[PDB]
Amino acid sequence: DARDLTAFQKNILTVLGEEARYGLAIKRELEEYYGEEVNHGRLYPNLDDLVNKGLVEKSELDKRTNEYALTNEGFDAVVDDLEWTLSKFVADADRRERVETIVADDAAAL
C-alpha cells in the first residue's frame, strides 16, 4: 500500500493524476508547487522507484523523452489519500461548503 510514500513521491502521483506527462513536464509542475528548483538527480530516481512499485508506467516515446502515467494502482493511491484527507477535512458544514466551492471552481476553470 502506498500510504508510506514520501511527500515528493505522492506529489509526483498527484501531478500524473491530472494527465500523463513527460519527465521534464513533471519537473516543472513540481517546481511550480514547491516554488523552488527540483534537481534531475532527485526527480528521476523517485520516478524509477514509483515505476518499480507499479504505481507509474514509463513510455519511451523518443530518446531523451519519456512519458509517465499513473497505473490503476497509482490512481488508487491518489484516490485513497484524497479520501482519507477529505474524511478528516470535511468535519462540518462550513468545511463541506469550502471543499464544494473548490471543486466547482476547478471544474468551471476546465
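Heads up: residue numbers just count along the shown sequence, starting at 1. Under this definition, the rigid core comprises the largest set of C-alpha atoms superposing within 1.5 Å between the forms.
Rigid core superposition in 7 other deposited structures of this protein puts the Cα atoms of one stretch, out of 61 to 69 and 27 to 35, farther from the shown form on average, and that stretch is 61 to 69. 35 to 43 and 77 to 85 differ in mean CA B-factor, and the higher of the two is recorded for 35 to 43. For the pair 88 to 96 and 17 to 25, the mean Cα B-factor is higher in 17 to 25. Per the deposited coordinates, the residue with the largest Cα temperature factor out of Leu70, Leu61, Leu50, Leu30 is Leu61. When the CA B factors of the chain's modelled residues are split into thirds, the value for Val103 lands in the lowest one.
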